[PDB]
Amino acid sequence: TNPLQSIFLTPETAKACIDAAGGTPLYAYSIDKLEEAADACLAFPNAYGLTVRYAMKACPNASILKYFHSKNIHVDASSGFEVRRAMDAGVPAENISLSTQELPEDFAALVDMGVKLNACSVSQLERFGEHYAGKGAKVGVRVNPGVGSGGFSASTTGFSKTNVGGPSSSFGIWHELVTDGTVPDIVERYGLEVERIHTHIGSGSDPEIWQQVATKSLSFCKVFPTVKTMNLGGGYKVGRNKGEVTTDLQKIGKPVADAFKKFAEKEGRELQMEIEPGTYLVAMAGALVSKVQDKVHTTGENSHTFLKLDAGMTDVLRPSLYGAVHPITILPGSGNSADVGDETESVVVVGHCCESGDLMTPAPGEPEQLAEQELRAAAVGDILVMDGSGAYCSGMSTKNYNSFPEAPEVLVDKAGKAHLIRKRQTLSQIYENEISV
């Protein structure tokens, strides 16, 4: 019952990556897994047109940007730095939209090159309008619809928890500022033209929740008759572990596309749709590849067997940050599929950082508790593969903690060959900006 491969790495393909990266740890990305997600998103049900934007904050490697560009997938940038980064990878400016918490001081330069801006607060709209007064520049507007992920918590707001929308969220402009005239007054003051509305409150895999997401956001498109595009954001869930449900884009897409048809039947306007998936595009396409460098034991009550890797929260932080479980497969350090065998052992996986919280197998949703996974019996030198690590891992980790170098990145082509796309960082590069004093 031992897995003969991981989500996309056989024992032969894993050693091929390690050789290309000069050792462990490393990030492995599979072109095959990127093509499945790209095609699945480009097949999203739409009524009058679809645009897929990659939320590059999930994984900003230029090869990933170049690949999604070749598939006619656009880019959703989270800051002026991501805008300038995507343009370095060859993405044209017009294919980038900027939705940020911090409007960069050089936003006007980006807008001039063709970058579409989604104003995310009153302050950003006014700064945009001050610079392009009476012209009247087109701009996007992100709205906080007044509700977030969960509805009204099946009762009243309840506890004020973090959310992508609602009264406990700082994202977007509060919906009451749209309906009380505050935002339309700013638009008229600077002669702006609102061409696009942006929302981001979708979650789960319920088609009837996504239809309500669309209906509510579309109601803001009738406030500004010049709007021609509706950006519904991301949030499509990916089930990394067995039993968890991945969102079916065809099942939730058709009620969304019908909500677009109902708008065109009640308003007479056929709107372009946009989606901003981050996790759904790159999550299962990436995997952390590390080696078991040590194996220790405790005895007595609450004792465990610990597998210590040469990686950790420096490379995958989601276990420590959320208590997220990742699929884990242990392959023979020989690289031969004949040495997989059929021996299992329940273990706890820990990271190489000298920190108690550097745990790789936590209890679901509780990063302070231990949990054991039944894996292949591992000797020192065997490869551990953490799958589903292509989103918010390389692009969001505590790199250089304990002064560990930033892990390299490898691309595995459709033929099973490994290509290095980011060389390992050197030690001196970690403190190359320090100044003597």
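Residue indices: 1-based, along the sequence shown.
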Of 118-126 and 150-158, the stretch whose C-alpha atoms average the higher B-factor in the entry = 150-158
remark   = For 87-95 versus 181-189, entry-based mean Cα B-factors point to 181-189
request  = Could you say which of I73, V348, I209, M284 has its CA atom at the highest B factor, as listed in the PDB entry?
outcome  = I209
query = Which of these has the highest Cα B-factor in the record: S403, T398, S394, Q369?
reply = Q369
request  = For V325, return the chain-relative third of its C-alpha B-factor as stated in the PDB record: lowest, middle or highest.
outcome  = lowest
query = Where does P25 sit by CA temperature factor within its chain: lowest, middle or highest third?
reply = lowest
task = Please place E82 in the lowest, middle or highest third of its chain by C-alpha B factor as given in the entry.
result = lowest
key: B-factor third for the C-alpha atom of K417 within its chain   = highest
query = Of the three thirds of its chain by CA temperature factor, lowest, middle or highest, which one includes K308?
reply = lowest
